[PDB]
Structure formats: C-alpha cells, structure tokens
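In: once you've seen the sequence and the experimental structure below, I've got questions.
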Amino acid sequence: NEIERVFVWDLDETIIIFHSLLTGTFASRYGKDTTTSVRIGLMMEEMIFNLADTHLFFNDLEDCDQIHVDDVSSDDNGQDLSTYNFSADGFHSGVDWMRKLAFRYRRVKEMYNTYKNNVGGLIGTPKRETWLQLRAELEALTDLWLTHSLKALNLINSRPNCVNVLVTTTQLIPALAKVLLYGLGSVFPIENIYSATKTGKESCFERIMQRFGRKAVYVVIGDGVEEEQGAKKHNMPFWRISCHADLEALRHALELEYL
Ligand SMILES: O=C(N/N=C/c1ccc(Sc2ncccn2)o1)c1cccc(Oc2ccccc2)c1
C-alpha cells in the first residue's frame, strides 16, 4: 500500500468491551451512580445485539466467528445477492456451506459501507433519538470519552500517509455492530478490524504487520495489559490511554507531527 504509519487501536475495557459499566466497578472508580450506569449498559448491550440479530446475521455467525471479514473471500463466487434469500438456503448452525457463509459476511460488509455515516437510515427513527439520547447519558459519566477519542482518530484518519486499525477480542459481528453504532465507522474502514477472540491479540498484531510490510511505522494505542505485552514482544511503541489526560497528549503529539 501507500501507508507509511499505521496506528493499532485496542478500545476494549473502555468502548467495545465496556464491562466496567455492567459490573458497576466503573461507577465506583469514578464516583458515578451505580444503578444508572448499569441501566445504560444494559440498554446498550440490547440495542447492539438487536441489530446484529436483524441485520448482521448474529444467530447464523454466532459460532462461526472468523477473525477478518475477508477471510472466506476465496469461497465467494461473487454474485448479485440483492435477491439471494438467506432464509431459504442450506445454512444451519462444506464447500457449498462456506459459500453461504461467505455471502453473509459480504452482506455484512455491504451494510457497513452503506450505513456507517447514516445510522438513522439503518435503525429507523425514533430509534436514533432515543439512542443518541443514550450517548449523552453515558458521555456525561465518562466525560465525553468517545467524543474525545474520535478527535484523536479523525486527526489520524485525515492524514493520507497514516491509517488506524482496530483489534478487539469480541466476536467479529458484535464488534462490527458496536463500531457501526457507536460512530467509529467514519474512522475505521471495515477491512481494518480484527477479532482476537480465538487467536489472541499477538497473532492479530503479526497478521497486521504482514499485510502492511516493514517499511511502515507501527504504533499501538490502547488500554489494559493484553495488548501491552503483545506490542512489547513485537517492538511496537505502545501508547497507554488509561486517563483522560493521556488522550489530550495523544492529540497534542499528532498536532505537532511528533508521531
Ligand atoms: O465514553 C465511553 N466510555 N468511556 C469510558 C471510560 C472509562 C474511563 C474513562 S475516562 C473518565 N473520565 C472522567 C470520568 C469517567 N471516566 O472513560 C463510551 C463507551 C461506549 C460507547 C459510548 O458512546 C455511546 C454512543 C451511543 C450510544 C451508546 C454509547 C461511549
């Protein structure tokens, strides 16, 4: 490719897998209301899984959790599937089976590239007003974290020589449902999302470097410890993102071309 610097992101523990909300440990650490925080997380995890079951084949692709969306691109005899009836094919729970599985991921990809900047047309209103109301309800507890990290991502996405990728441990379909909904679709191309569920984040890191080559600068930006050791044993500069002030430094270091 033409990319010079690649930023690998691990937005779990804060955005994708925000398990601190549901356990209530987030509310205790930051001194917020426990009951309200869990209610926002329980509503969120519902509207996410409700979209994956009615749009992204969550029940079909529940166990067949791949790692990249283009993995089964070899069994795809590319066809106009605007008429392909998924409810009446040989799918259940396999060269003729992998083709039906591969079509579904391309249909998932079609939904991503189509409604990633127009969610209100994907989930018809008022499901947007109620759900955009949910953002301010949560960003009022996290001090606009998703908005803040979107600034650091758009400060990278607009650079033609720089790019960003995402490496989470959720299954690919639920992770795509969150990235689509949460608004991270404008900064994350769907071809740059990896699911470290069965393989771990280290193997997902090696898979990224093999794609972009050695002439590029790889930087890891995330929170937690799983990707810190995965970025250390691959000599990739790790960027902690725990505090809110650690993000202001990430922007200020990109404003001045220090990265
Ligand atoms: O903001 C978000 N997480 N923040 C997490 C976090 C942990 C530590 C800190 S820093 C801090 N500073 C001061 C006080 C508290 N914490 O932030 C978030 C996560 C997911 C989705 C999300 O948006 C939406 C949008 C639409 C619908 C539903 C959610 C927003």
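Out: That came in fine, so what should we check first? Numbers count the residues shown, from 1 in each chain.

In: right, and residue 91 touches residue 101 too?
Out: Yes. Counting by Cβ atoms under 8 Å, residue 91 does reach residue 101; the two are 7.3 Å apart. Using the backbone N, CA and C atoms, a C-beta is placed for each residue, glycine as well.

In: which neighbours do those two have in common?
Out: Shared contacts of residue 91 and residue 101 (Cβ atoms under 8 Å, 6 or more residues apart in numbering): none.

In: alongside the ligand, which residues does the chain contribute?
Out: Residues of the chain found near the ligand (Cβ under 6 Å from any ligand atom) are 14-15, 18, 30, 44, 131, 134-135, 138-139, 142-143, 145-146, 182, 244.

In: could you rerun that using 8 Å?
Out: Residues of the chain lying close to the ligand (Cβ under 8 Å from any ligand atom) are 13-16, 18, 20-21, 26, 29-30, 32, 40, 44, 47, 131-132, 134-135, 137-139, 141-147, 178, 181-183, 242-244.

In: mind listing what whichever residue of the stretch 151-259 of the chain sits closest to the ligand touches?
Out: Using Cβ to the nearest ligand atom, residue 244 is the residue of the stretch 151-259 of the chain that sits closest to the ligand, at 4.3 Å. Residue 244 makes contact with 143, 145, 148, according to Cβ under 8 Å, 6+ apart.

In: now the residues you listed: which count as buried?
Out: If you count burial by 16 or more other Cβ atoms under 10 Å, the buried members of the contacts of residue 244 come out as 145, 148.

In: make JSON lines out of the contacts of residue 244 and add distance to residue 222 and secondary structure.
Out: As requested, the contacts of residue 244 are exported to JSON lines (distance: Cβ to Cβ, whole Å; DSSP: H, G, I helix; E, B strand; the rest coil):
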{"residue": "143", "distance to residue 222": "19", "secondary structure": "coil"}
{"residue": "145", "distance to residue 222": "14", "secondary structure": "helix"}
{"residue": "148", "distance to residue 222": "15", "secondary structure": "helix"}
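
In: for the contacts of residue 244, which one is nearest residue 200?
Out: For the contacts of residue 244, the minimum distance to residue 200 (Cβ to Cβ) is 25.8 Å, reached by residue 145.

In: quick one: contacts for the closest one?
Out: 14, 15, 139, 244.

In: pull the most distant pair out of those.
Out: Maximum pairwise distance in these, criterion Cβ to Cβ, is 13.7 Å, between 15 and 244.

In: how far away is residue 134 from residue 175?
Out: 19 Å (Cβ to Cβ, to the nearest Å).

In: give me the more crowded residue out of those two.
Out: residue 175 (26 against 14; other Cβ atoms under 10 Å).

In: could you pull up phi and psi at the more buried one?
Out: Dihedral pair for residue 175: phi -60, psi -40, per degrees, to the nearest 10.
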